[PDB]
Each structure stands twice: as structure tokens, then as C-alpha cells.
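So this first bit is one chain, no partners, the form deposited in one PDB entry, shown in C-alpha cells.
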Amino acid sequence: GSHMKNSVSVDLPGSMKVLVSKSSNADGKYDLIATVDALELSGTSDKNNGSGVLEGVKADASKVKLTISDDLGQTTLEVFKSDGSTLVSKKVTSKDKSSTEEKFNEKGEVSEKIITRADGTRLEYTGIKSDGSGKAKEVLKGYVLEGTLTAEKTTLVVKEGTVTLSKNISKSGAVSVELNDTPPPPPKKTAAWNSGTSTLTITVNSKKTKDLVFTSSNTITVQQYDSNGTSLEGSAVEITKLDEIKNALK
């Protein structure tokens, strides 16, 4: 960690601490150093409470800037490219424990974003595009909702069968929810008639279910197919009551 001669440690939003000198230097400013992700950042501020701006250079020459607001209520951590201006990442963190993490692209535009709310739930956007669209994920206490982002709204989706539930979050943070059900057509009973055999073959779900035979003795028999609709099983049973015909039509 960080060490300073005649200093005081000050706790900061989002894990961080800064050391600030007990006294002022030759110019009246106070010395600040902090250690973030094993990199030492340093600066001078007119204030002596821990606020100000600290800077450091990574071993790959990336520039790191930590800005601490006057009231110590917010830290901004920025990582830049070598040039010191093309952003790579930006993390704004608050005392209430809320935060925004952005990652940037070659064009100087945001391509990922993690929003952490005070209560510990998060919204994660990945793969953000020029048109504002992207993948989306809400992390909640005990589970995760998946969906996508457009320029206008985030749409989280849960599926059960033909039922779709959509949670929409607007740019203001307003929730609205919708539901859709596209149920399949129900199982319909069709039939084909063989006049050579005087037989009606009934079908459901592309499986043959039963044969009704209309006999030369003016009787009806019923016989079931195997539950694969492949071929007949048992023997033909003769119909003696109207109710038995209705039953075979169920």
C-alpha cells in the first residue's frame, strides 16, 4: 500500500483511501497519494481533507486519474490511453455505494456500462453499438434477468412455454411490464375414411388413435392404436351404446 511521512488516511467512496499530508508544502498545497489496483497515484490539492486530483502512469503507459470531489462524496477513476485523452474506462462511485462503470471504444464512445444501485442490484450493458443497441442484464438479489438495450429502453425477458414476459426500463428509470402468449392451435381430431374396408381412422397430433369399423352387420367396432400411432393394439371392441361412440370421440 501507500506510505507518507506525517500524513492522515482518509476513507473514500468505493473501497479507496487517500493519504493527505498533515502540513502544507512550500506552495501552500497538500500532498495526496493513493494506491489503486497496485498503482500509486499522487497529487497536490489546495484542500486538506483528501479532495483533489491524483495521477499515475501504468507500466504499459496508460494514464490514470483519480478525482475526489470536495465533499468526499464521490470518486471518479479514469484510465486513458498513452496520449492522456482517449478514455478507456471511467468509474464514478458514490458514498451511498452507487456507481457507474463505463468502458470506451476506439471512436471515443461508450461500449459497456455497469450501473450499480445503492441496494446492490445492477444493470450491465455489453456490446453497445453506434445505434444505441446492446445486450442487457439486470442482476437482482437471487437471480439474473437477460435482455437487450435500445437507445430508448432496456427490455428484459423471461420465457415460459409460449408465454413471454417483458420488463421495460426507460431512460428516466421508469418500469413498465408486458406479457404475451402465443399458444399453439389445440389438438384437433381429423379422420380418413377407407371405403374398401369400411373403416374410419381417427388422428390426433399426427398420430393415428383409433379405427371405427362400420360392419356389414350394421354394427360399429372401435380399436385403439399403440400410443406411437404405428399400429393397432388389443382387439376390436363392439359398440352397444351411443355413449360408447361419444366416448371414442373424446
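The term rigid core refers to the maximal set of C-alpha atoms that superpose within 1.5 Å between the two forms. So that there is no doubt, residue numbering starts at 1 and follows the sequence shown.
There is another form of the same protein, the form deposited in another entry; it is not shown, and what comes next is about it.
Core-aligned CA deviation for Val204 between the shown form and the other one: 2 Å or greater. Shown in the overlay between the shown form and the other one, fitted on the rigid core, is a CA shift at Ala59 smaller than 2 Å. With the core held fixed between the shown form and the other one, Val213 has its Cα displaced by at least 2 Å.
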